[PDB]
Amino acid sequence: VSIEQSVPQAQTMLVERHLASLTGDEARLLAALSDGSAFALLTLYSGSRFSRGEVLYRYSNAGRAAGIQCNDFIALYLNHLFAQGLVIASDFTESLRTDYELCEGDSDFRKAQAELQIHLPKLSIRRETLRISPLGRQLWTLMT
Amino acid sequence: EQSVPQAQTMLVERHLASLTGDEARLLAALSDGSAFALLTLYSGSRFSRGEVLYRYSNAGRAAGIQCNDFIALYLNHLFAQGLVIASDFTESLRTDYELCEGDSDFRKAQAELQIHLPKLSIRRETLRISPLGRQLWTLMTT
Amino acid sequence: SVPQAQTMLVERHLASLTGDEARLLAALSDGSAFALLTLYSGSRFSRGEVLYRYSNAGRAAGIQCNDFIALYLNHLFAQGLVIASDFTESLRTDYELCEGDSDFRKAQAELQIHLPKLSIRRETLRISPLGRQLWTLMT
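Residues numbered from 1 in each chain as written, not as in the entry; some residues may be left out. Chains lettered and ligands numbered in written order. Heavy atoms only, no water. Residues with missing side-chain atoms left out of burial classes, pairs and counts.

X-ray crystallography is the method the PDB entry lists for this structure, together with a resolution of 2.150 Å.

Below, the structure written as structure tokens:
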């Protein structure tokens, strides 16, 4: 028998694996989403608005309010938060119009879009809304 | 500089090392060839499903799950790690899909999601080990 | 001085990216494009999600263990570091070759049992903007 050091509970493993493993910037983004706040999201889809196909790239200005260190990595951060099931995308929010415009004007986003258009000629921007997912909320609650 | 044995160890580690007891047991069951009921919530309707928003299974004791509270989290992880697939509806899982659809946690997740995604749809699916899951299992058991 | 946030991100990948995946990213970062076969769900009521991907980038990319190509592709796509574009006429022979490879046909046969409308898409593997950015950070 060897139990002096404790094997962690499922709960603990879940929060270590999905939240403690986040980079500080990712964690700050999730924090900003945790009270239900919604942010502007631009999603690049492989096809046009009459046949969207798959999600290729995501961009937001939520990093600014969230206080992230390196806003240059926002698309990388969002890819991870989505891949991990921690956030969701929903439809356009009229009140975020100004934010979409700020995002669409960003030079890094425009660069990414131009790279993707070379080979995906029908690529389209879709204005969406970023929120915490049920799974992200469940994990957040376990952690707190 | 990385050797082949180190690549293999890194692959096994990165996909399999963080599993809970429940997940390790479920994956073992799936590696035997067993399949279980899966209920998936999609952001769009049946002709344009969009993105996966939530997955639920009543796998329970038969799959070795102690903590039914975390089944959506476990499925989320196992899919993210490429370890499992969702195949089509299986008739023989009929009564399990009914159990899933009745479940309280499932229904709550659905209602939350519906607030902001009103075209949301439910699909009955079948959870099985993926080809990558099978390869990794074998690499791991060497 | 490198920003903290950059170090954290780079370290994540240094701990999880294999030599072979690193070499594959590098080949792609040059602008190289490879044959990709994608098995996906062919039911009109599914999202048509990817079930398996295969390529013969192989020696071209400097892959030491071609046994692991499907695992590498799964990881590179999950991490958003590569994209799949349309069929490239130039790669026709490569597509024919991939379609006949053992590992591909085995995965295909496994999946076919349970996914009778299993479909195959011939596509082209390229780096994504995220892949360019990360690979630049890491190098």
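### Re the overall build of chain A
Across its full length, chain A holds seven helices and four strands. Start at the N end of chain A and walk to the C end: the helices and strands fall as α-α-β-β-α-α-β-α-α-β-α. With respect to the three principal axes, the spread of C-alpha positions in chain A is 65 × 30 × 25 Å. Burial analysis of chain A (144 residues in total) assigns 51% to the buried set. Taking contacts inside chain A between residues at least 6 apart in sequence as the whole, the part at least 24 apart equals 73%. (Helix = DSSP H or I, 4+ residues; strand = E, 2+ residues; numbered from the N terminus. Buried < 20%, exposed > 50% of the residue type's maximum accessible area, 1.4 Å probe, protein only. Contact = heavy atoms within 4.5 Å.)

### Some remarks on the interface of chain C and chain B
Counting from both sides, the interface comprises 30 residues of chain C and, opposite them, 29 residues of chain B. When chain C packs against chain B, the two sides together hide about 2,400 Å² of surface, and 60% of this comes from carbon and sulfur. Taken as a group, C:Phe45, C:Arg47 and C:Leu71 account for 27% of the area that chain C buries against chain B, more than any other trio of residues on that side. In this structure, the connection of chain C to chain B is made through two salt bridges. Viewed at the interface, chain B and chain C are joined by eight residue pairs in polar contact. Of all the elements in the fold, those that place two or more residues in the side of chain C that touches chain B are helix 1 (4-16), helix 2 (19-29), strand 2 (50-55), helix 4 (69-78) and helix 6 (102-114) of chain C. Counted by class, the side of chain C that touches chain B contains 15 nonpolar, nine polar and six charged residues. (Buried area = accessible area lost by both parts, 1.4 Å probe. Salt bridge = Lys/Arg side-chain N within 4 Å of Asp/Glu carboxyl O. Polar contact = N/O pair within 3.5 Å; in protein donor to acceptor, adjacent residues only side chain to side chain. Nonpolar A, V, L, I, M, F, W, Y, C, P; charged D, E, K, R; others polar.)

### Quick notes on the side chain of A:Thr23
Relative to the helices and strands, A:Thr23 is located in the loop between helix 1 (10-20) and helix 2 (24-33). What A:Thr23 contacts, discounting residues up to four positions off in sequence, is A:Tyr77, C:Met8, C:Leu9 and C:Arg12.

### Thoughts on the nonpolar core
Ranked by size, the top nonpolar core spans 136 residues in total, and within it A:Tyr57, A:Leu130, B:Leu26, B:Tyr54, C:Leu24 and C:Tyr52 carry the most contacts. Excluding residues that lie within four positions of it along the chain, B:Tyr54 makes contacts with A:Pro134, A:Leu135, B:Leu39, B:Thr40, B:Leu41, B:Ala72, B:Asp105, B:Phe106, B:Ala109 and B:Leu113. (Core = buried A, V, L, I, M, F, W, Y, C linked by side-chain atoms within 4.5 Å.)

### Side note on the interface of chain A and chain B
Taken residue by residue, the interface counts 23 residues in chain A and 19 residues in chain B. Roughly 1,700 Å² of surface becomes buried between chain A and chain B when both sides are summed, with 64% attributable to carbon and sulfur atoms. Sorting the residues of chain A by area buried against chain B places A:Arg17, A:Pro134 and A:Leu135 first, and these three jointly supply 31% of that buried surface. Applying the counting rule to chain A against chain B returns three salt bridges. Close ionic contact of A:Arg58 with B:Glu51 constitutes a salt bridge, the shortest N to O distance being 2.9 Å.

### Points about the sheet that holds strand 4 (residues 119-127) of chain C
Neighbouring strands of a sheet are bound in pairs by backbone hydrogen bonds; such pairs are parallel or else antiparallel. Residues and elements named next belong to chain C. Read across the open sheet, the four strands follow the order 2-1-4-3; overall the sheet is antiparallel. Edge positions in the sheet fall to strand 2 and strand 3 (82-85), since each has one partner strand and no second. With direction set aside, neighbouring strand axes in the sheet form an average angle of 35°. Pairing geometry for strand 3 and strand 4, over four bridges, is antiparallel. Looking across to strand 4, one finds that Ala84 is bridged to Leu125. Lying over the sheet, helix 4 contacts strand 1 (34-40), strand 2, strand 3 and strand 4, oriented at roughly 120° with respect to strand 2. (Pairing = 2+ DSSP bridges. Axes fitted to C-alpha atoms, helices over the stretch in contact; angles between N-to-C directions.)

### Thoughts on the packing of helix 2 of chain C against helix 7 (residues 129-138) of chain C
Residue and element names in this part refer to chain C. Relative orientation of the contacting elements helix 2 and helix 7 amounts to 115°, with a least axis distance of 10 Å. The interaxial crossing formed by helix 2 with helix 7 has left-handed handedness. Between helix 2, through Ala22, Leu25, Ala26 and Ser29, and helix 7, the contact on the second element is made entirely by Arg132, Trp135 and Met138. For the contact of helix 2 with helix 7, the class distribution of residues is five nonpolar, one polar and one charged. (Left-handed = near helix turned anticlockwise from the far one by under 90°.)

### Topic: helix 2 of chain C
All names here are of chain C. For helix 2, a buried count of nine out of eleven residues is recorded, marking the element as mostly surrounded by other parts of the structure. For helix 2, every residue scored as buried is listed here: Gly19, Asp20, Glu21, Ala22, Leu24, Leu25, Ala27, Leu28 and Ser29. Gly31 occupies a position one or two residues after helix 2 and carries a positive phi of about 115°.

### Observations regarding the packing of helix 1 of chain A against helix 3 (residues 71-80) of chain B
Interaxial distance between helix 1 of chain A and helix 3 of chain B falls to 12 Å at its minimum, and their mutual angle equals 40°. Regarding the angle of helix 1 of chain A to helix 3 of chain B, the classification is oblique. The hand of the helix 1 of chain A/helix 3 of chain B crossing is left-handed. Of the residues in helix 3 of chain B, those touching helix 1 of chain A at A:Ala10, A:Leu14, A:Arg17 and A:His18 are B:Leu73, B:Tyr74 and B:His77. (Parallel < 35°, antiparallel > 145°, perpendicular 65-115°, else oblique.)

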